[PDB]
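S.K.: Have a look at this one before I ask anything.
Derivation of every value follows stated rules applied to the coordinates shown; laboratory data play no part. With ideal geometry, Cβ positions are generated from the backbone for all residues, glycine too; neighbour counts draw on all protein chains shown.
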Amino acid sequence: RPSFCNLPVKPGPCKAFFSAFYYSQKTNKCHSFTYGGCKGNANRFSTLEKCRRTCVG
Ligand SMILES: [Cl-]
Ligand SMILES: [Cl-]
């Protein structure tokens, strides 16, 4: 997988309520999170299938 998949999930400090997905090295799976809308990192996807295409297979 791309190395940025292994960055830690980062909701950030803002409090908007964006639905998103991230990859976890613990599971080799994508999971949901709530992105607050600012200061995130690249382990963040708008859809489950994009997270999977990028990080899972
Ligand atoms: Cl998955
Ligand atoms: Cl797809």
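S.K.: Report, by residue number, each residue of the stretch 13-36 that is in a loop (DSSP other than H, G, I, E, B) and within 16 Å of ligand 1 (Cβ to nearest atom).
M.R.: Of the residues in the stretch 13-36, the ones in a loop (DSSP other than H, G, I, E, B) are 13-17, 25-28, 36.
Matches in the stretch 13-36: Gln25, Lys26, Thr27, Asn28.
S.K.: Check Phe4 against each of (1) more than 16 Å from ligand 1 (Cβ to nearest atom); (2) surrounded by 13 or more Cβ atoms within 10 Å (Cβ to Cβ); (3) assigned to a loop (DSSP other than H, G, I, E, B) and name the one condition it does not meet.
M.R.: (3)
S.K.: Identify all residues within the stretch 37-56 that are of a type outside the set (A, V, I, L, M), more than 9 Å from ligand 1 (Cβ to nearest atom) and surrounded by fewer than 17 Cβ atoms within 10 Å (Cβ to Cβ); write none if there are none. Reasoning before the result, please.
M.R.: Of the residues in the stretch 37-56, the ones of a type outside the set (A, V, I, L, M) are 37-41, 43-47, 49-55.
Filter once more, keeping what is more than 9 Å from ligand 1 (Cβ to nearest atom): 37-41, 43-47, 49-50, 53-54.
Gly37, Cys38, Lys39, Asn41, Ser46, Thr47, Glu49, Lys50, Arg53, listed by residue number.
S.K.: So, in the stretch 7-30, how many residues would count as being surrounded by 12 or more Cβ atoms within 10 Å (Cβ to Cβ) and either aromatic (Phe, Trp, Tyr) or touching a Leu at 6+ places or on another chain (Cβ under 9 Å) (or both)? Explain how you work it out, then say what you get.
M.R.: Pass one, the stretch 7-30, residues surrounded by 12 or more Cβ atoms within 10 Å (Cβ to Cβ): 7, 9-12, 14, 18, 20-25, 28-30.
Cutting the leftovers down to either aromatic (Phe, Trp, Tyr) or touching a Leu at 6+ places or on another chain (Cβ under 9 Å) (or both) gives us 18, 21-23, 30.
Of the residues in that region, 5 qualify.
S.K.: Can you tell me which of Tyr35, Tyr23 is within 16 Å of ligand 2 (Cβ to nearest atom) and in contact (Cβ under 8 Å) with a residue 24 or more places away in the chain? Show your work before the answer.
M.R.: Working: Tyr35 fails: within 16 Å of ligand 2 (Cβ to nearest atom).
None of the other options fit; the residue is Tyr23.
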